[PDB]
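First, one chain by itself in structure tokens, the form deposited in one PDB entry.
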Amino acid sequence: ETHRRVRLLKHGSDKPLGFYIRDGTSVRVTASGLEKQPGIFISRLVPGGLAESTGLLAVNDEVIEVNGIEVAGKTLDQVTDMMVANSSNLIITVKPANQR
């Protein structure tokens, strides 16, 4: 299965998380069919940050959920709000676009 839950930030609140996110409409084949929906993707991944430190995610990768709570279908505000709340434990689940 393509997605893995990665925890970003368990030590290092001084340094940046090391990644940026982006919103785009993702069309996937779901139980509903081909459905295009708001989705968050990795926009930039920065070396030196926790994202690169885990190095398990890539910029092409698509975000599924954060801390156990789905972001697939939420608004960019809602998902960022997750991340701000999950600042002590940012767990993001992504799937690579080029599969795993």
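In case it trips you up, residue 1 is the first one in the sequence shown, and so on.
The form solved in complex with a partner chain is left out here; the points below concern that form.
For a residue to qualify, one of its non-hydrogen atoms must sit within 4.5 Å of the partner chain in the bound PDB entry; none of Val29, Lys36 and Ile64 qualifies. The partner chain in the bound PDB entry comes within 4.5 Å of a heavy atom belonging to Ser43.
In the bound PDB entry, the partner chain sits beyond 4.5 Å of every heavy atom of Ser13. When the partner chain is considered in the bound PDB entry, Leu9 lies well away from it, no heavy atom lying within 4.5 Å. Heavy atoms of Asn89 never reach within 4.5 Å of the partner chain in the bound PDB entry, leaving it off the interface.
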